[PDB]
Every structure is written in structure tokens, then in C-alpha cells.
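J.: Just dropping in an experimental structure and the matching sequence.
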Amino acid sequence: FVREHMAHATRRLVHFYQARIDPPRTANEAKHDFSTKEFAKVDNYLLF
Amino acid sequence: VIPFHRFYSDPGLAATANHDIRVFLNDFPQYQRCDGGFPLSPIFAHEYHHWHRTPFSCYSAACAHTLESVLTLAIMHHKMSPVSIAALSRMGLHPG
Amino acid sequence: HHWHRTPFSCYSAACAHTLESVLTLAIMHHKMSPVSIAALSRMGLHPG
Amino acid sequence: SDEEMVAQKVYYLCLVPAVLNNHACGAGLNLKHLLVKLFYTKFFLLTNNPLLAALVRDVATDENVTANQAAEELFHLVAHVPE
Amino acid sequence: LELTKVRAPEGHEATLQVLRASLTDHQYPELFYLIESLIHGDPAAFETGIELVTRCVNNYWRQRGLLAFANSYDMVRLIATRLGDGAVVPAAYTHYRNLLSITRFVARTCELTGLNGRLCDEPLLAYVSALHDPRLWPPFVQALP
Amino acid sequence: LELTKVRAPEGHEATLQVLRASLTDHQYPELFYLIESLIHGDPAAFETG
Amino acid sequence: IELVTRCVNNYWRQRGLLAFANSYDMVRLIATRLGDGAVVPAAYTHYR
Amino acid sequence: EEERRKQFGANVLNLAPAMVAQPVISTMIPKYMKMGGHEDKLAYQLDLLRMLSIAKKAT
């Protein structure tokens, strides 16, 4: 959702690591984590 | 350091480039990994808006090199257009 | 109270060379944690 | 670092003992008593030291870098000796 | 291995045979043991004693094909990071770099494919594989982690 | 691949092993990183280089 | 040493078969001695 | 002051006295005067040869 109004990302990029806290990965690497059969099991919370 | 793309972030590489990333991995060694999967900056946080989605990188991080991954990434770059499936099954190439 | 036990040393004494024992000591050092069994069976790698 | 410690543990716990078939034993020199014989060969501004002139000339040698010339570099590296 | 399906290292069999031979040779020298325990894994020691360690490795490889400073990960790591510019050791440096690459590839299989996530204290690989928690220690510490 | 049946490269995987080494190297030297980002892909910039 | 090791190098340079191989004590002394500046460079493969 | 220069060079460091011929061994002796622990006669030896190692270098 953020546009951030890109000016000098080469210096405004390390500021996110100046921040110490990381957002959750938003379902994509979890969709990679859950193996192919467990993606179809009830173990998968991202069935929906 | 510029970890601008999801293909193009590397934990130890970005840490030894700028040690703020080394402080980030001091905090969070869960990404300090070849697969990794960094939260990857509000700038270019647009993973869904990216053309290259997550399983490209999370395939390449465990891909098998030498003439098959080089070409199968380009086969993973087949479009999912309706006309792409059309020409694809038309030439008999099995879609995804 | 040692971390490594007699099966580690007594495998390494009778081991075979050429990266087989090198990688299999690394896989012998998977944990018997419950969360290790959880993540391991969701990898599909066999718990020991 | 974390990758450093993971790599050191992988090396010293998987790669080394599988190579050696546990022909290993972890030793360390008696460096305080050892370097006394290294010290005061003649002066500076050599190579009459027994068992320095043996091993240095026996292995670490060159036509450029002789017994004395190679013992010079180890005389430089005396400084940072740890416990 | 079939979880990984990665092909990073190249000359692994000849590399581990050169390591085996260096750690089989009966008169692997006192001087090499001295310099390795003396440099003690310090890069600020290695960078001061380059022209001894590099010339000594190179003359030892020229003497006999098995390489030098092999038993210490810190010695082979500093030899990896600095040896080679100027071609000090032309060919056995491939075996040195392959020792480093074997450590990296076995660490990848240690880390596997697709165990992300962390508990509030520790990452998940610390819980899953015992190489990744710092609770396990290297048996030869030269700089404390 | 089998719709095409083309075999244009022949030292392909050896070249990719050399590529693996070249883009692996921890001691991949420094003037390389200077010159490549300097030249930035131009024959007019490159003919002086 | 100046006799026996120069004799090993001379005899391997003469004939490709090696030297002092009748005795375990002699082959033990060769395989232990070599490493003193590589007197016998490539036949120490066969001795070790 | 030459008395302590005799004492540390002769009784502690155990050398025949040529203290002033080398400059860097001369400067460590007033520091070794102030330091105790003379029972361990090897530490000053090893503590001085690392300074002699510093005194010539090309790094």
C-alpha cells in the first residue's frame, strides 16, 4: 500500500534496518513452506 | 548495499556490505539463510505488485544449477495469459 | 551432560569418506526437539 | 557471526572427524616456556637458535627468503601470541 | 540431499583426499602447528603475517601435493579470504576454496529448504538442527562468538 | 526444449562451473566492481577502457 | 639420511620400482622422514 | 637509574648487560620498574620480545 515517494532509496533503504522490527512475511513464503501434500492437508491454515 | 529485488538479497552479503543488516541479523538469524526470505524494505515491499512472485526466488535458492535451472526459470517466465494458455496448449506445451 | 554422545564418535571412527559422513554427521545433528520433529515432518524428512 | 559459528561447527564436528576417523587430538603449545628459546638469538640492528634454524630452514624457505629471512617474519609474528 | 538438490561444490572428492593426505602425513610440520596456534584465527594477525603463511603454504604445496594449515577452519578461512590475489598458490587454492565451499554446502543442507519463522527468543533452525543454535560450540574456539 | 531440439552451447556446464566460481569468489577483486559500474555498458565509454 | 634418501631418489630415477621396500623398518623410516624438504617428491605417494 | 637498568636486564630478563645498545629494550625497563609480579621471570621476557617485534616491521 505504501508509495513512500521514492527519492534516494540507496540511503532510505538502510533505514528499514535501522528499524529493528520486521513485519510478517504475508503468506507467500508460508505458501512456499507448506509442502505440496501439507498444502492440501488441514495443517495448511492458508487453504483459503 | 541495494537488496532491491527478491532474487537479489543475500544475508551475509548485505551484512558485510552495511553492518546495519548485520545488526538486523544479530537480531533475527531466521533470515540468515540461503532461502532466507527477508521482510525486504517498505520500498519494494510490493511483492504482489511485483511481477516476480516469491516462488521464483524460493525456487532459485534451492535450484540445481548447470543448464536446467537457467532454462527452467525462463520456463517459469511463461505468462499466464488466456492467449498464453491458448498458444501454449496449441503447441502442446503443458501450462502450469 | 556432553552434547555429542558415543554414537557420534563411534560412527566417526567407522565412517566412510568423500562427503558422505561429512554430510551425514550434519544430518545426525538434527535435534529431537518437539518443534524439531514438527518442522522436520513438515519438511517430510524422516524423524529419527 | 552466525554463519561463522555454524561453519566452524560444521567443519570441526563433521568434516574433520570424518576425514580423520577420529585420528585427532586437540593440542596447544607451551608458548610461555616455548618462546624463551625463540628469544634473544643475538640482537637486532642471527639464526644461531637451535630448533628455530632447524624447522624454519627445513620447511619455510626460499632463495629470497632464507633461514634468517624467514625467521625474521616469525620474529615479527611473536607479538600477538595468545594464552 | 534430495530436499536440497543444490550443486555448489565442484572438486569435493579430490579436495577431501588432499585434506585426508595433509591430515595423514606423518611429518606435517611443527612450524605449521606453531604458526596456526600463534595466528589463532585473528585476521589482524593473518594480515601481518601474510608473507610467511602464503609463502609457506606455497612452498609446502610445492614440496608435496597435500596442502597446509588444514586442520584449522580459521587458518583455511583466512587463507581463503586473502590467498590468491597475485596467484600465490595457483592450484591448491582451488582445494582451499573447495574446503570453504564444502563447509558452505554442508551448512546449506544443515539449513535446508524452507524452514523460516522464529520463536520470540530464537530462530527455528536453532531448534531444528543443532548446528544452528550457538548452544553447540566449536571444539576449537579461537575467537569467542 | 523438445519442440526446438537445439544444441547451440557445448561447453555449457563447464562455463557455468566457471561462472559459479567467478560469481562465488569471496576474493573476487575490487577494480572489477569499480570498472563494471563505471563502464555501465557503453562501447563509447568502453573503448577508452 | 644423505645416503639412504639420495639412494631412494637415485633408484627411483633409475628404475620406476621403489627402494628399500623389503623391510617394514626401512619403509616406515621413509614414510616418517619424508617431509624434510621433499627429498623424494612423488614416490612418497607410494611410501605413504 | 643504571642500577635498575642492571637489575631488570640481568636478574629479571637474564641477559648480559647491553641495555642501551638497543633503544626499545631501554624504554620498557622504567615500565617494568613500576610493575610487580617479579616472581614470574618469564612474563617480562615475553612482554619485551613482543615489543621488540613491534620495533621492526614493514606492515
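T.: Done, it's in. Numbering: from 1, shown residues only, chains lettered A, B, ... in the order given.
J.: tally of neighbours for the residue nearest to residue B:52 when sequence neighbours are not counted?
T.: Ranked by Cβ to Cβ, 6 or more residues apart in numbering or on different chains and with sequence neighbours excluded, the top spatial neighbour of residue B:52 is residue B:6, at 6.4 Å. C-beta here means a position set from N, CA and C on the backbone, and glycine is covered the same way. By the measure other Cβ atoms under 10 Å in any protein chain shown, the count of residues near residue B:6 is 22.
J.: now do residue B:89
T.: Residue B:89 has 11 nearby residues by other Cβ under 10 Å.
J.: isn't there a helix covering it?
T.: Yes. Counting by DSSP: H, G, I helix; E, B strand; the rest coil, residue B:89 is found in a helix.
J.: Residue numbers of chain A in contact with chain H?
T.: Within chain A, no position is near chain H by Cβ under 8 Å from any Cβ of the partner chain.
J.: Residue of chain A nearest chain H, please.
T.: Residue of chain A nearest chain H, by Cβ to the nearest Cβ: residue A:14 (32.8 Å).
J.: Can you name the residues that contact that residue?
T.: Contacts for residue A:14 (Cβ atoms under 8 Å, 6 or more residues apart in numbering or on different chains) come out as B:1, B:18, B:20, B:21.
J.: Of these, which ones also sit close to chain G?
T.: Filtering the contacts of residue A:14 for proximity to chain G by Cβ under 8 Å from any Cβ leaves nothing.
J.: so how far is residue B:73 from the residue positioned nearest the centre of chain B?
T.: The centre of chain B sits closest to residue B:57, judged by Cα atoms, centre = their mean, with a distance of 2.2 Å. Per Cβ to Cβ, to the nearest Å, residue B:57 is found 10 Å from residue B:73.
J.: Skipping its backbone neighbours, what lies nearest residue A:26 in space?
T.: Of all residues not flanking residue A:26 in the chain, residue B:47 sits nearest, at 7.1 Å (Cβ to Cβ, 6+ apart).
J.: and that neighbour, how many residues sit next to it?
T.: Neighbours of residue B:47 under the rule other Cβ under 10 Å: 17.
J.: Run a quick neighbour tally on whichever residue of chain D sits closest to chain B.
T.: When scored by Cβ to the nearest Cβ, chain D has residue D:2 as its residue closest to chain B, at 4.8 Å. Applying other Cβ under 10 Å, we find 22 residues neighbouring residue D:2.
J.: Next, the contact list for it, please.
T.: By Cβ under 8 Å, 6+ apart, residue D:2 lies in contact with B:25, B:29, B:32, E:132, E:134.
J.: Touching, the third one and residue B:22? I think so.
T.: Going back to what we said before, that points to residue B:32. No. Look at residue B:32 against residue B:22 with Cβ atoms under 8 Å: they stay out of range, at 9.5 Å.
J.: The two: who's more crowded?
T.: Applying other Cβ under 10 Å to residue B:32 and residue B:22 shows that residue B:32 carries more neighbours, namely 24 against 19.
J.: so what's the backbone phi/psi at residue E:100?
T.: phi -60, psi -40 (degrees, to the nearest 10).
J.: just the one 10 residues further on next, same as before
T.: Backbone torsions for residue E:110, taken as degrees, to the nearest 10, come to phi -60, psi -40.
J.: For residue E:105, grab the count of nearby residues.
T.: For residue E:105, the number of neighbouring residues by other Cβ under 10 Å comes to 21.
J.: Ok, residue H:27 next?
T.: For residue H:27, the count of nearby residues is 11 (other Cβ under 10 Å).
J.: How about residue B:71?
T.: 10.
J.: How about it, nearest residue that isn't a chain neighbour?
T.: Ranked by Cβ to Cβ, 6+ apart and with sequence neighbours excluded, the top spatial neighbour of residue B:71 is residue F:1, at 7.2 Å.
J.: Roughly how far does that neighbour sit from residue B:75?
T.: Distance from residue F:1 to residue B:75, by Cβ to Cβ: 9 Å.
J.: Likewise for residue D:78?
T.: In terms of Cβ to Cβ, residue D:78 sits 61 Å off from residue B:75.
J.: Which one of those two is surrounded by more residues?
T.: When residue D:78 and residue B:75 are compared for neighbours, residue D:78 comes out ahead with 19 against 11, by other Cβ under 10 Å.
J.: so who does residue A:30 touch?
T.: Residue A:30 sits next to A:46, E:116 when contact means Cβ under 8 Å, 6+ apart.
J.: Apart from its neighbours in sequence, what residue is nearest the residue nearest to the centre of chain B?
T.: In space, residue B:57 is closest to residue B:6, 4.5 Å off (Cβ to Cβ, 6+ apart).
J.: That neighbour contacts residue B:39, doesn't it?
T.: No. Using Cβ under 8 Å, residue B:6 is not in contact with residue B:39, being 11.1 Å away.
J.: Show me what from chain A comes close to chain B.
T.: A:2, A:4, A:6, A:9-10, A:12-14, A:16-18, A:20, A:22-26, A:28-29, A:31-32.
J.: Need the buried ones from those residues selected in PyMOL.
T.: Buried residues among the residues of chain A next to chain B (16 or more other Cβ atoms under 10 Å in any protein chain shown), as a PyMOL selection:
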select buried, chain A and resi 13+14+16+17+22+25+28+29+31+32
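J.: what about the helices in the chain?
T.: Picking chain A for this. In chain A, the segments counted as helices under DSSP state H are A:9-12, A:15-18, A:28-33.
J.: You answered for a different chain; I wanted chain D.
T.: Under the criterion DSSP H, chain D carries helices at the ranges D:2-10, D:16-20, D:31-38, D:53-58, D:67-76.
J.: ok, now chain B?
T.: Going by DSSP H, chain B shows helices at B:11-17, B:19-27, B:55-60, B:69-76, B:82-90.
J.: quick one: the third one to chain centroid distance?
T.: For helix B:55-60, the distance from its own C-alpha centre to the chain's C-alpha centre is 5 Å (Cα atoms, centre = their mean, to the nearest Å).
J.: What is that helix packed up against?
T.: Where contact means 3 or more Cβ pairs under 8 Å, 6 or more residues apart in numbering or on different chains; DSSP states H and E, helix B:55-60 is packed against helix A:28-33, helix B:69-76.
J.: now swap in the second one and tell me
T.: In terms of contacts (3+ Cβ pairs under 8 Å, 6+ apart), helix B:19-27 is packed against helix A:15-18, helix B:11-17.
J.: Quick one: check the shortest one for contact with chain D.
T.: No. No part of helix A:15-18 sits near chain D under the criterion Cβ under 8 Å from any Cβ; the closest distance found is 15.6 Å.
J.: How about the longest one?
T.: Yes. Helix B:11-17 is in contact with chain D by Cβ under 8 Å from any Cβ, via B:11, B:12, B:15.
J.: now those as CSV including neighbour count and distance to chain F?
T.: Converted to CSV, those look like this (neighbours: other Cβ atoms under 10 Å in any protein chain shown; distance: Cβ to the nearest Cβ, whole Å):
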residue, neighbour count, distance to chain F
B:11, 23, 15
B:12, 17, 10
B:15, 22, 14
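J.: Grab the nearest non-local neighbour of the residue of chain B found nearest chain G.
T.: As assessed by Cβ to the nearest Cβ, chain G sits closest to residue B:66 within chain B, at 32.5 Å. Leaving aside its sequence neighbours, residue B:66 sits nearest to residue F:13 (Cβ to Cβ, 6+ apart; 4.1 Å).
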